[PDB]
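S.K.: Here you go, my_file_18.txt (compact mmCIF, C-alpha atoms and all ligand atoms):
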# COMPACT_ATOMS: atom_id res chain seq x y z
CA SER J 2 -22.03 23.38 -0.40
CA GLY J 3 -18.97 21.42 -1.59
CA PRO J 4 -18.18 17.73 -1.14
CA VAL J 5 -20.00 15.41 1.27
CA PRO J 6 -17.76 14.29 4.19
CA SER J 7 -16.73 10.67 4.73
CA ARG J 8 -15.46 8.56 7.65
CA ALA J 9 -13.78 5.17 7.85
CA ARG J 10 -16.33 2.51 8.72
CA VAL J 11 -13.77 0.79 11.00
CA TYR J 12 -11.15 2.01 13.48
CA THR J 13 -12.69 5.44 13.11
CA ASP J 14 -11.72 6.96 16.46
CA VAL J 15 -8.60 4.98 17.49
CA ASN J 16 -6.29 8.04 17.43
CA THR J 17 -8.69 10.44 19.15
CA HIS J 18 -8.64 8.20 22.27
CA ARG J 19 -4.85 8.11 22.36
CA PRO J 20 -2.49 10.43 24.20
CA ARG J 21 -1.22 13.37 22.12
CA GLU J 22 2.24 11.75 21.95
CA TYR J 23 1.10 8.66 19.96
CA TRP J 24 0.09 10.67 16.86
CA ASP J 25 1.74 14.10 17.38
CA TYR J 26 4.93 13.14 15.51
CA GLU J 27 6.16 16.77 15.30
CA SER J 28 6.85 16.62 19.05
CA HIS J 29 8.65 13.28 18.92
CA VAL J 30 12.25 13.31 20.16
CA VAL J 31 14.44 10.95 18.14
CA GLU J 32 16.56 8.36 19.96
CA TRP J 33 19.92 8.00 18.17
CA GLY J 34 22.08 4.88 18.01
CA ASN J 35 25.73 4.59 16.96
CA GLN J 36 26.46 4.95 13.22
CA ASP J 37 29.83 3.16 13.60
CA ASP J 38 27.87 -0.07 14.13
CA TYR J 39 26.97 -0.17 10.43
CA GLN J 40 29.10 -0.72 7.35
CA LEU J 41 27.54 0.01 3.94
CA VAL J 42 28.09 -2.84 1.46
CA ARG J 43 25.96 -2.38 -1.65
CA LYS J 44 23.71 0.37 -3.01
CA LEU J 45 20.24 -1.15 -3.54
CA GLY J 46 18.29 1.81 -4.91
CA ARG J 47 17.48 5.49 -4.98
CA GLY J 48 14.07 7.14 -4.63
CA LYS J 49 13.15 10.83 -4.70
CA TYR J 50 13.32 10.93 -0.90
CA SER J 51 16.14 8.51 -0.03
CA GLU J 52 19.02 6.20 -0.91
CA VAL J 53 18.83 2.58 0.24
CA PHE J 54 21.87 0.40 0.96
CA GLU J 55 22.51 -3.18 1.94
CA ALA J 56 24.79 -3.14 4.97
CA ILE J 57 26.21 -5.22 7.80
CA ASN J 58 25.79 -4.64 11.52
CA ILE J 59 29.44 -5.09 12.42
CA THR J 60 28.61 -6.03 16.02
CA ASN J 61 26.56 -9.15 15.25
CA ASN J 62 27.70 -9.72 11.64
CA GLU J 63 24.03 -9.67 10.62
CA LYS J 64 22.81 -8.25 7.31
CA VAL J 65 20.87 -5.01 7.50
CA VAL J 66 19.23 -2.36 5.30
CA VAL J 67 20.03 1.36 5.58
CA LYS J 68 17.71 4.04 4.26
CA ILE J 69 19.37 7.46 4.18
CA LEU J 70 16.74 10.26 4.05
CA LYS J 71 16.55 13.86 2.73
CA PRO J 72 13.13 15.55 2.25
CA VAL J 73 12.09 19.16 1.62
CA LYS J 74 9.01 18.63 3.77
CA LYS J 75 11.30 17.73 6.66
CA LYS J 76 8.32 16.81 8.93
CA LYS J 77 8.07 13.54 6.91
CA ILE J 78 11.16 12.40 8.82
CA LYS J 79 9.53 12.39 12.26
CA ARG J 80 6.28 11.06 10.81
CA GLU J 81 7.94 7.99 9.26
CA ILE J 82 10.00 7.35 12.39
CA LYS J 83 7.01 7.60 14.78
CA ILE J 84 4.88 5.34 12.57
CA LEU J 85 7.62 2.67 12.38
CA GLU J 86 8.13 2.82 16.17
CA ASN J 87 4.36 2.62 16.79
CA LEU J 88 4.05 -0.44 14.51
CA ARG J 89 7.18 -2.34 15.56
CA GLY J 90 6.50 -6.02 16.27
CA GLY J 91 3.26 -6.08 14.24
CA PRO J 92 2.59 -9.07 11.92
CA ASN J 93 4.62 -8.74 8.70
CA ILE J 94 5.64 -5.14 9.35
CA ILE J 95 9.31 -4.42 8.61
CA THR J 96 11.23 -3.89 11.88
CA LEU J 97 13.09 -0.60 12.44
CA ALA J 98 16.25 -1.79 14.21
CA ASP J 99 18.01 1.54 14.74
CA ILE J 100 18.17 5.23 13.82
CA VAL J 101 21.61 6.75 13.24
CA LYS J 102 22.96 10.07 11.93
CA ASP J 103 24.81 9.54 8.63
CA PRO J 104 28.21 11.35 8.66
CA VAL J 105 28.11 12.26 4.96
CA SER J 106 24.49 13.31 4.36
CA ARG J 107 24.09 14.71 7.90
CA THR J 108 20.52 13.34 7.89
CA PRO J 109 18.85 10.44 9.75
CA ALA J 110 19.53 6.94 8.44
CA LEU J 111 16.90 4.28 9.19
CA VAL J 112 18.21 0.79 9.84
CA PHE J 113 15.88 -2.16 9.09
CA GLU J 114 16.00 -5.96 9.49
CA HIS J 115 17.18 -7.69 6.29
CA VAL J 116 14.86 -9.67 3.94
CA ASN J 117 16.10 -11.97 1.14
CA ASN J 118 13.73 -10.73 -1.60
CA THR J 119 13.09 -12.02 -5.12
CA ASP J 120 12.23 -9.54 -7.93
CA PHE J 121 8.44 -9.24 -8.26
CA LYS J 122 8.62 -9.16 -12.10
CA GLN J 123 10.33 -12.54 -11.76
CA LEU J 124 8.29 -13.85 -8.81
CA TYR J 125 4.87 -12.87 -10.19
CA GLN J 126 5.50 -15.27 -13.11
CA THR J 127 6.12 -18.27 -10.85
CA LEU J 128 3.42 -17.97 -8.20
CA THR J 129 1.00 -20.89 -8.06
CA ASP J 130 -2.68 -20.41 -7.23
CA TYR J 131 -1.91 -21.61 -3.71
CA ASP J 132 1.04 -19.22 -3.34
CA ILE J 133 -1.04 -16.19 -4.44
CA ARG J 134 -3.64 -16.93 -1.75
CA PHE J 135 -0.96 -17.53 0.91
CA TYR J 136 0.92 -14.30 0.24
CA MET J 137 -2.28 -12.24 -0.03
CA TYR J 138 -3.32 -13.43 3.46
CA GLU J 139 0.10 -12.40 4.81
CA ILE J 140 -0.28 -8.87 3.33
CA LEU J 141 -3.73 -8.66 4.87
CA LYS J 142 -2.28 -9.41 8.32
CA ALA J 143 0.01 -6.39 7.88
CA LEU J 144 -2.75 -4.06 6.66
CA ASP J 145 -5.28 -5.00 9.33
CA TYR J 146 -2.62 -4.41 11.98
CA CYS J 147 -1.64 -0.94 10.76
CA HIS J 148 -5.27 0.09 10.17
CA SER J 149 -6.11 -1.06 13.74
CA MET J 150 -3.29 1.20 14.97
CA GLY J 151 -4.85 4.21 13.22
CA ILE J 152 -2.38 4.25 10.32
CA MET J 153 -2.81 4.05 6.54
CA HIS J 154 0.16 2.99 4.35
CA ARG J 155 -0.85 4.86 1.18
CA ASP J 156 1.77 3.22 -1.08
CA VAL J 157 0.81 -0.47 -1.36
CA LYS J 158 2.44 -1.93 -4.51
CA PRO J 159 4.59 -4.94 -5.41
CA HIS J 160 7.90 -3.02 -4.92
CA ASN J 161 6.85 -2.43 -1.29
CA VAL J 162 6.16 -6.05 -0.43
CA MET J 163 9.45 -7.87 0.16
CA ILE J 164 9.16 -11.66 -0.19
CA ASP J 165 11.61 -14.32 0.95
CA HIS J 166 10.12 -17.12 -1.16
CA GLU J 167 12.53 -19.74 0.18
CA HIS J 168 11.33 -19.28 3.77
CA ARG J 169 7.82 -18.21 2.69
CA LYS J 170 8.18 -14.96 4.63
CA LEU J 171 6.81 -11.49 3.79
CA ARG J 172 7.34 -7.86 4.89
CA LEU J 173 5.45 -4.66 4.05
CA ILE J 174 8.03 -1.88 3.62
CA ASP J 175 8.49 1.82 2.84
CA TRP J 176 6.34 3.67 5.33
CA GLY J 177 7.50 7.09 4.02
CA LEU J 178 4.03 7.95 2.74
CA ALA J 179 2.14 6.51 5.72
CA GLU J 180 -0.13 8.82 7.75
CA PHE J 181 -2.31 8.86 10.88
CA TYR J 182 -6.04 8.63 10.19
CA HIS J 183 -8.13 11.28 11.94
CA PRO J 184 -11.88 11.43 11.18
CA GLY J 185 -12.76 14.49 9.05
CA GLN J 186 -9.16 15.34 8.10
CA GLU J 187 -8.39 16.23 4.48
CA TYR J 188 -5.32 14.50 3.05
CA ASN J 189 -2.98 15.04 0.11
CA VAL J 190 -4.17 13.17 -3.00
CA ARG J 191 -0.61 13.01 -4.37
CA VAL J 192 0.22 9.66 -2.75
CA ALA J 193 0.64 6.05 -4.03
CA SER J 194 2.14 5.07 -7.38
CA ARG J 195 0.13 5.75 -10.57
CA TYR J 196 -1.14 2.21 -11.33
CA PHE J 197 -2.21 1.66 -7.70
CA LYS J 198 -3.91 5.05 -7.05
CA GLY J 199 -7.50 4.70 -5.80
CA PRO J 200 -10.37 6.48 -7.60
CA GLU J 201 -10.65 8.84 -4.57
CA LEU J 202 -7.15 10.15 -5.40
CA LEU J 203 -7.90 10.38 -9.13
CA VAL J 204 -11.01 12.51 -8.64
CA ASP J 205 -9.36 14.72 -5.99
CA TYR J 206 -11.43 13.58 -2.99
CA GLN J 207 -9.38 14.41 0.14
CA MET J 208 -11.36 12.91 3.05
CA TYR J 209 -10.17 9.34 2.39
CA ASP J 210 -9.09 6.55 4.79
CA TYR J 211 -7.65 3.03 5.30
CA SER J 212 -9.80 1.84 2.37
CA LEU J 213 -7.27 3.41 -0.07
CA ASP J 214 -4.90 0.54 0.75
CA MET J 215 -7.59 -2.00 -0.12
CA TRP J 216 -7.96 -0.59 -3.67
CA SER J 217 -4.17 -0.81 -4.13
CA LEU J 218 -4.22 -4.42 -2.88
CA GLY J 219 -6.98 -5.17 -5.38
CA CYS J 220 -4.77 -3.85 -8.22
CA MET J 221 -2.02 -6.21 -7.09
CA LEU J 222 -4.43 -9.16 -6.92
CA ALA J 223 -5.78 -8.48 -10.41
CA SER J 224 -2.24 -8.27 -11.82
CA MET J 225 -1.32 -11.62 -10.22
CA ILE J 226 -4.40 -13.75 -11.07
CA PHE J 227 -4.69 -12.38 -14.62
CA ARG J 228 -0.94 -12.21 -15.35
CA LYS J 229 -1.27 -8.60 -16.54
CA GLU J 230 1.26 -6.12 -15.17
CA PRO J 231 -0.03 -3.54 -14.38
CA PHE J 232 -3.76 -4.26 -14.54
CA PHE J 233 -4.81 -0.61 -14.98
CA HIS J 234 -2.14 0.81 -17.31
CA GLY J 235 -2.57 4.62 -17.43
CA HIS J 236 -0.22 6.96 -19.34
CA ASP J 237 -0.78 9.63 -16.66
CA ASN J 238 -3.12 10.30 -13.71
CA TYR J 239 -6.02 11.27 -15.97
CA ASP J 240 -5.69 8.35 -18.35
CA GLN J 241 -5.40 6.21 -15.18
CA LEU J 242 -9.05 6.92 -14.33
CA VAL J 243 -10.09 6.26 -17.93
CA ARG J 244 -8.41 2.84 -17.77
CA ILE J 245 -10.36 2.04 -14.62
CA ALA J 246 -13.64 3.22 -16.13
CA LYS J 247 -13.04 0.92 -19.15
CA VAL J 248 -13.33 -2.02 -16.70
CA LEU J 249 -15.68 -0.78 -13.91
CA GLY J 250 -17.80 1.31 -16.30
CA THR J 251 -18.68 5.02 -16.28
CA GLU J 252 -22.19 4.82 -14.77
CA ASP J 253 -20.83 3.55 -11.44
CA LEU J 254 -18.13 6.28 -11.59
CA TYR J 255 -20.75 9.04 -11.93
CA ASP J 256 -22.78 7.37 -9.17
CA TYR J 257 -19.69 7.53 -6.90
CA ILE J 258 -18.86 11.16 -7.63
CA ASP J 259 -22.58 12.16 -7.28
CA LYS J 260 -22.80 10.46 -3.84
CA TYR J 261 -19.98 12.64 -2.46
CA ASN J 262 -21.02 15.71 -4.50
CA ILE J 263 -17.65 15.76 -6.33
CA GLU J 264 -17.22 17.35 -9.75
CA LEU J 265 -14.74 15.77 -12.18
CA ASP J 266 -11.98 17.97 -13.58
CA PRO J 267 -13.54 19.23 -16.85
CA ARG J 268 -10.43 17.74 -18.52
CA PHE J 269 -12.42 14.47 -18.51
CA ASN J 270 -15.27 15.83 -20.69
CA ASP J 271 -13.61 14.73 -23.93
CA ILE J 272 -11.60 11.69 -22.78
CA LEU J 273 -13.79 9.67 -20.39
CA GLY J 274 -16.41 8.42 -22.88
CA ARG J 275 -19.23 5.99 -22.04
CA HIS J 276 -18.23 2.44 -20.93
CA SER J 277 -20.14 -0.55 -19.64
CA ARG J 278 -19.03 -2.55 -16.60
CA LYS J 279 -17.14 -5.62 -17.79
CA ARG J 280 -17.61 -9.09 -16.30
CA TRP J 281 -14.32 -10.34 -14.81
CA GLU J 282 -14.28 -13.41 -17.13
CA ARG J 283 -13.26 -10.96 -19.86
CA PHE J 284 -9.67 -11.10 -18.54
CA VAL J 285 -9.45 -14.91 -18.27
CA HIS J 286 -7.57 -16.91 -20.89
CA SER J 287 -5.69 -20.22 -21.27
CA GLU J 288 -2.48 -18.83 -19.77
CA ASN J 289 -4.01 -17.48 -16.54
CA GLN J 290 -7.00 -19.85 -16.04
CA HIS J 291 -5.18 -22.01 -13.46
CA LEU J 292 -5.01 -18.92 -11.19
CA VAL J 293 -8.66 -17.90 -11.55
CA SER J 294 -11.53 -19.32 -9.49
CA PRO J 295 -15.04 -18.17 -8.57
CA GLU J 296 -13.64 -17.32 -5.10
CA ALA J 297 -10.79 -15.28 -6.64
CA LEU J 298 -13.15 -13.24 -8.81
CA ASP J 299 -15.63 -12.61 -6.04
CA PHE J 300 -12.88 -11.42 -3.66
CA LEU J 301 -11.38 -9.19 -6.38
CA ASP J 302 -14.82 -7.70 -7.20
CA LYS J 303 -15.28 -6.65 -3.56
CA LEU J 304 -11.91 -4.88 -3.36
CA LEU J 305 -12.15 -3.02 -6.67
CA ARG J 306 -15.12 -0.76 -5.93
CA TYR J 307 -15.22 2.95 -6.83
CA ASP J 308 -16.91 3.78 -3.52
CA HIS J 309 -14.16 3.61 -0.88
CA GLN J 310 -16.89 3.03 1.76
CA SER J 311 -18.10 -0.19 -0.03
CA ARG J 312 -14.73 -1.98 -0.26
CA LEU J 313 -13.92 -4.94 1.98
CA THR J 314 -11.97 -3.93 5.06
CA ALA J 315 -8.78 -5.81 5.80
CA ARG J 316 -10.46 -7.92 8.50
CA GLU J 317 -13.49 -8.75 6.30
CA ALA J 318 -11.09 -9.67 3.49
CA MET J 319 -9.38 -12.29 5.73
CA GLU J 320 -12.86 -13.79 6.34
CA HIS J 321 -13.36 -14.42 2.60
CA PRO J 322 -13.86 -17.95 1.13
CA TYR J 323 -10.82 -17.31 -1.06
CA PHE J 324 -8.66 -18.07 1.98
CA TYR J 325 -10.37 -21.31 3.06
CA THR J 326 -7.82 -23.50 1.26
CA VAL J 327 -4.87 -21.74 2.95
CA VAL J 328 -3.21 -23.51 5.90
CA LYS J 329 -3.02 -21.00 8.76
CA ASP J 330 0.12 -20.88 10.93
CA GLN J 331 -0.30 -22.19 13.42
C1 LIG J 401 13.33 1.57 -1.45
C2 LIG J 401 12.99 1.34 0.00
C3 LIG J 401 12.33 2.34 0.73
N1 LIG J 401 11.99 2.21 2.04
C4 LIG J 401 12.25 1.10 2.78
CL1 LIG J 401 11.77 1.00 4.48
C5 LIG J 401 12.95 -0.01 2.10
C6 LIG J 401 13.34 0.07 0.68
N2 LIG J 401 13.95 -1.12 0.36
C7 LIG J 401 14.00 -1.96 1.43
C8 LIG J 401 14.51 -3.24 1.57
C9 LIG J 401 15.14 -3.94 0.54
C10 LIG J 401 15.61 -5.22 0.80
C11 LIG J 401 15.49 -5.80 2.07
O1 LIG J 401 15.96 -7.05 2.31
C12 LIG J 401 14.87 -5.14 3.13
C13 LIG J 401 14.38 -3.86 2.92
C14 LIG J 401 13.77 -3.19 3.99
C15 LIG J 401 13.25 -1.91 3.83
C16 LIG J 401 13.37 -1.31 2.59
Any chance you could give the structure as structure tokens?
Ligand SMILES: Cc1cnc(Cl)c2c1[nH]c1c3ccc(O)cc3ccc12

M.R.:
Amino acid sequence: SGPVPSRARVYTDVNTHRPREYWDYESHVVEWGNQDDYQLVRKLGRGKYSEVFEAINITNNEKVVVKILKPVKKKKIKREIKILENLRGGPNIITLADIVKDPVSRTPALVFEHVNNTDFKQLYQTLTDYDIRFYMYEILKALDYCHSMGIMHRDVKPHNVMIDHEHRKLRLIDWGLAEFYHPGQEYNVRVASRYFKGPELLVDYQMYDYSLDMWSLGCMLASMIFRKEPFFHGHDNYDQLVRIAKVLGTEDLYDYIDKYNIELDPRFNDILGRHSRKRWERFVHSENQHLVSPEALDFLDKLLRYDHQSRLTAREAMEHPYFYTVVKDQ
């Protein structure tokens, strides 16, 4: 008598038709390379799950990136590895170049191709209207590819899109939260970063799919065209849904949760309020108007839907008039 089930409207059964080995990552046997090939140069960052270093492959003198892991849910290791191997060579997907055992941590270190990135806080202040469209199309190539392979990223955000602006090149990175989509499976709602979490996550609906990534992409688009970082600025996961409802309105939120027979956390009773849907022109002003067009707003509107089933798919998104002005290569 609980929630109504949901299925992806595209690529629904891709994994069910595959051999066990494609998606059964627990059974994957890791192929190890030689750690002596790599010399660490510069620490680039630390997450809760890993440390990331710039390095050099001493054999070819080529720059490289080393991610040294250590989870508590150790099955994440084989999941990330199998996903990266499955997706290797896809459009705009970061390439896993090697897997080595780190002598100090005694855990797997993932070795990736290098990308000469510019800081998004810096880059998202320079992007022209043309450049926003161009780079959005490139991200879509990556998302359609992984969705078609039966994989959802689940952590789409500006930090995970590495851009070499000089060569106009883009890579979707950090597949540590990525998962195989199986119809009917319930998933953990504690994925994605706060500002990019889809309404399905925020209302604790577990039977979600590829469409989660399209919400996240919509948040990125809104932040770029409106020059507002982040677009939905929640203090916590609960306030995050309130911020969304202040733009999309509460009546469509209740319509969404009623469709799937979901009950909001009663915590919302005294914080959600009653809000109308805003027209997107509300967010336009003299400083962002050169980035806004009727095409931009229409495309945005079709990504940022409460109902995960109603959002544009990656392939449909690439069909949108927003991308008509973009020169396609080649
Ligand atoms: C924080 C973090 C987590 N996971 C990955 Cl795969 C990466 C990451 N930073 C990077 C990178 C940073 C710079 C780069 O040129 C390439 C990268 C390639 C992959 C990852």

S.K.: Using all atoms listed in the file, which protein or nucleic acid residues come within 12 Å of residue 2 (chain J)? Drop anything in the same chain fewer than 5 positions from it, and give the result as a list in words.

M.R.: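 In the requested format, the answer is residues 261, 262 and 263 of chain J.
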
S.K.: I need the chosen residues saved as an mmCIF file, keeping the file's coordinate frame, with C-alpha atoms.

M.R.:
data_model
loop_
_atom_site.group_PDB
_atom_site.id
_atom_site.type_symbol
_atom_site.label_atom_id
_atom_site.label_comp_id
_atom_site.auth_asym_id
_atom_site.auth_seq_id
_atom_site.Cartn_x
_atom_site.Cartn_y
_atom_site.Cartn_z
ATOM 1 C CA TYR J 261 -19.980 12.640 -2.460
ATOM 2 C CA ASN J 262 -21.020 15.710 -4.500
ATOM 3 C CA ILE J 263 -17.650 15.760 -6.330
#

S.K.: Kindly provide, as a ChimeraX atom specification, all nucleotide and amino acid residues lying within 9 Å of ligand LIG 401 (chain J), counting all atoms listed in the file.

M.R.: /J:45-48,50-55,64-68,95-97,111-118,160-161,163-165,172-177

S.K.: Check the smallest atom-to-atom distance from each of J:126, J:186, J:119, J:40 to residue 230 (chain J) using all atoms listed in the file, then report the winner.

M.R.: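 That would be J:126, the residue with the smallest distance to residue 230 (chain J).
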
S.K.: Which residues, written as a ChimeraX atom specification, have at least one atom at most 7 Å from residue 214 (chain J), with all atoms listed in the file counted and residues fewer than 2 positions away on the same chain left out?

M.R.: /J:154-155,157,211-212,216-218

S.K.: Between CA of residue 78 (chain J) and CA of residue 140 (chain J), measure the distance and give it in Å to one decimal.

M.R.: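 One can read the CA of residue 78 (chain J) to CA of residue 140 (chain J) distance as 24.8 Å.
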
S.K.: Work out how far CA of residue 251 (chain J) is from CA of residue 193 (chain J), in Å to one decimal.

M.R.: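 CA of residue 251 (chain J) lies at a distance of 22.9 Å from CA of residue 193 (chain J).
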
S.K.: Kindly compute an axis-aligned box around the listed atoms of region 151-167 of chain J, allowing 4 Å on each side, and express its centre and edge lengths in Å to one decimal as lines of an AutoDock Vina configuration file.

M.R.:
center_x = 3.8
center_y = -7.4
center_z = 3.9
size_x = 25.4
size_y = 32.6
size_z = 26.6

S.K.: Quote the spacing between CA of residue 240 (chain J) and CA of residue 310 (chain J) in Å to one decimal place.

M.R.: 23.6 Å

S.K.: Excluding residue 269 (chain J) and any residue of its chain fewer than 5 positions from it, enumerate the residues within 9 Å of it, using only C-alpha atoms, and give them as a list in words.

M.R.: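 My reading of the contact set: residues 239, 243 and 274 of chain J.
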
S.K.: Output C-alpha atoms for every residue in that selection, as a short mmCIF file (atom, residue, chain, number, x, y, z; two decimals), in the coordinates of the input.

M.R.:
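Final output, saved to result19.cif:
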data_model
loop_
_atom_site.label_atom_id
_atom_site.label_comp_id
_atom_site.auth_asym_id
_atom_site.auth_seq_id
_atom_site.Cartn_x
_atom_site.Cartn_y
_atom_site.Cartn_z
CA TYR J 239 -6.02 11.27 -15.97
CA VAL J 243 -10.09 6.26 -17.93
CA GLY J 274 -16.41 8.42 -22.88
#

S.K.: Considering only C-alpha atoms, tabulate each residue of region 30-120 of chain J that lies at most 12 Å from region 6-22 of chain J along with its nearest interatomic pair and the corresponding distance in Å to one decimal; arrange the rows by chain and ascending residue number and present them as a Markdown table.

M.R.:
| residue | atom | partner | partner_atom | distance |
| --- | --- | --- | --- | --- |
| J:30 | CA | J:22 | CA | 10.3 |
| J:80 | CA | J:22 | CA | 11.9 |
| J:83 | CA | J:22 | CA | 9.6 |
| J:84 | CA | J:22 | CA | 11.7 |
| J:87 | CA | J:22 | CA | 10.7 |

S.K.: Tell me which of J:198, J:329, J:291, J:142 sits closest to residue 314 (chain J), counting all atoms listed in the file.

M.R.: J:142

S.K.: For residue 322 (chain J), work out the shell of residues within 9 Å, counting only C-alpha atoms and skipping chain neighbours fewer than 5 positions away, then give it as a PyMOL selection string.

M.R.: chain J and resi 296-297+300

S.K.: Would you list the contacts of residue 75 (chain J) as a list in words, taking every protein, DNA or RNA residue within 12 Å and counting all atoms listed in the file, but skipping same-chain residues closer than 5 positions in sequence?

M.R.: residues 26, 27, 50, 70, 80, 81, 82, 108, 109 and 177 of chain J

S.K.: Taking C-alpha atoms for each residue, export the selection above as a PDB file, keeping the file's coordinate frame.

M.R.:
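Wrote part_29.pdb, looks like this:
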ATOM      1  CA  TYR J  26       4.930  13.140  15.510  1.00  0.00           C
ATOM      2  CA  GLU J  27       6.160  16.770  15.300  1.00  0.00           C
ATOM      3  CA  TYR J  50      13.320  10.930  -0.900  1.00  0.00           C
ATOM      4  CA  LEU J  70      16.740  10.260   4.050  1.00  0.00           C
ATOM      5  CA  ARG J  80       6.280  11.060  10.810  1.00  0.00           C
ATOM      6  CA  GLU J  81       7.940   7.990   9.260  1.00  0.00           C
ATOM      7  CA  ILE J  82      10.000   7.350  12.390  1.00  0.00           C
ATOM      8  CA  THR J 108      20.520  13.340   7.890  1.00  0.00           C
ATOM      9  CA  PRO J 109      18.850  10.440   9.750  1.00  0.00           C
ATOM     10  CA  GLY J 177       7.500   7.090   4.020  1.00  0.00           C
TER      11      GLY J 177
END

S.K.: Rank J:203, J:293, J:105, J:152 by their smallest atom-to-atom distance to residue 133 (chain J), using all atoms listed in the file, and report the top residue only.

M.R.: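 The shortest atom-to-atom distance to residue 133 (chain J) comes from J:293.
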
S.K.: Looking at only C-alpha atoms, which of J:210, J:156, J:320, J:201 is the one that sits closest to residue 182 (chain J)?

M.R.: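 Looking at the shortest contact to residue 182 (chain J), the residue is J:210.
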
S.K.: Quick one: region 28-42 of chain J from the block, N, CA and C atoms, as a PDB file, in the first residue's frame.

M.R.:
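Saved result, result33.pdb, follows:
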ATOM      1  N   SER J  28      31.874  -9.501  -8.484  1.00  0.00           N
ATOM      2  CA  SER J  28      32.608 -10.660  -8.997  1.00  0.00           C
ATOM      3  C   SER J  28      33.760 -10.282  -9.912  1.00  0.00           C
ATOM      4  N   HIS J  29      33.916  -8.983 -10.155  1.00  0.00           N
ATOM      5  CA  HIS J  29      34.973  -8.484 -11.023  1.00  0.00           C
ATOM      6  C   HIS J  29      36.352  -8.728 -10.410  1.00  0.00           C
ATOM      7  N   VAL J  30      37.281  -9.215 -11.222  1.00  0.00           N
ATOM      8  CA  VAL J  30      38.659  -9.404 -10.781  1.00  0.00           C
ATOM      9  C   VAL J  30      39.503  -8.262 -11.347  1.00  0.00           C
ATOM     10  N   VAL J  31      40.150  -7.517 -10.456  1.00  0.00           N
ATOM     11  CA  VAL J  31      40.877  -6.316 -10.849  1.00  0.00           C
ATOM     12  C   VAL J  31      42.201  -6.675 -11.516  1.00  0.00           C
ATOM     13  N   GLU J  32      42.453  -6.053 -12.663  1.00  0.00           N
ATOM     14  CA  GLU J  32      43.741  -6.136 -13.343  1.00  0.00           C
ATOM     15  C   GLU J  32      44.649  -5.005 -12.856  1.00  0.00           C
ATOM     16  N   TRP J  33      45.797  -5.380 -12.289  1.00  0.00           N
ATOM     17  CA  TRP J  33      46.740  -4.428 -11.699  1.00  0.00           C
ATOM     18  C   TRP J  33      47.901  -4.089 -12.623  1.00  0.00           C
ATOM     19  N   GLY J  34      48.217  -2.803 -12.725  1.00  0.00           N
ATOM     20  CA  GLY J  34      49.410  -2.348 -13.438  1.00  0.00           C
ATOM     21  C   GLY J  34      50.564  -2.155 -12.468  1.00  0.00           C
ATOM     22  N   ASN J  35      51.582  -1.414 -12.890  1.00  0.00           N
ATOM     23  CA  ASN J  35      52.802  -1.258 -12.096  1.00  0.00           C
ATOM     24  C   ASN J  35      52.910   0.133 -11.469  1.00  0.00           C
ATOM     25  N   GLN J  36      52.785   0.205 -10.142  1.00  0.00           N
ATOM     26  CA  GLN J  36      52.773   1.504  -9.444  1.00  0.00           C
ATOM     27  C   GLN J  36      54.039   2.345  -9.645  1.00  0.00           C
ATOM     28  N   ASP J  37      55.164   1.682  -9.921  1.00  0.00           N
ATOM     29  CA  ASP J  37      56.438   2.369 -10.160  1.00  0.00           C
ATOM     30  C   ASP J  37      56.452   3.231 -11.430  1.00  0.00           C
ATOM     31  N   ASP J  38      55.453   3.035 -12.292  1.00  0.00           N
ATOM     32  CA  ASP J  38      55.275   3.877 -13.468  1.00  0.00           C
ATOM     33  C   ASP J  38      54.917   5.323 -13.128  1.00  0.00           C
ATOM     34  N   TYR J  39      54.333   5.541 -11.949  1.00  0.00           N
ATOM     35  CA  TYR J  39      53.767   6.849 -11.616  1.00  0.00           C
ATOM     36  C   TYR J  39      54.491   7.565 -10.482  1.00  0.00           C
ATOM     37  N   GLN J  40      54.816   8.830 -10.720  1.00  0.00           N
ATOM     38  CA  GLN J  40      55.386   9.667  -9.683  1.00  0.00           C
ATOM     39  C   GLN J  40      54.439  10.817  -9.322  1.00  0.00           C
ATOM     40  N   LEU J  41      54.005  10.837  -8.064  1.00  0.00           N
ATOM     41  CA  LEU J  41      53.138  11.893  -7.542  1.00  0.00           C
ATOM     42  C   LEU J  41      53.871  13.234  -7.553  1.00  0.00           C
ATOM     43  N   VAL J  42      53.172  14.296  -7.957  1.00  0.00           N
ATOM     44  CA  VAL J  42      53.790  15.613  -8.143  1.00  0.00           C
ATOM     45  C   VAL J  42      53.180  16.652  -7.201  1.00  0.00           C
TER      46      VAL J  42
END
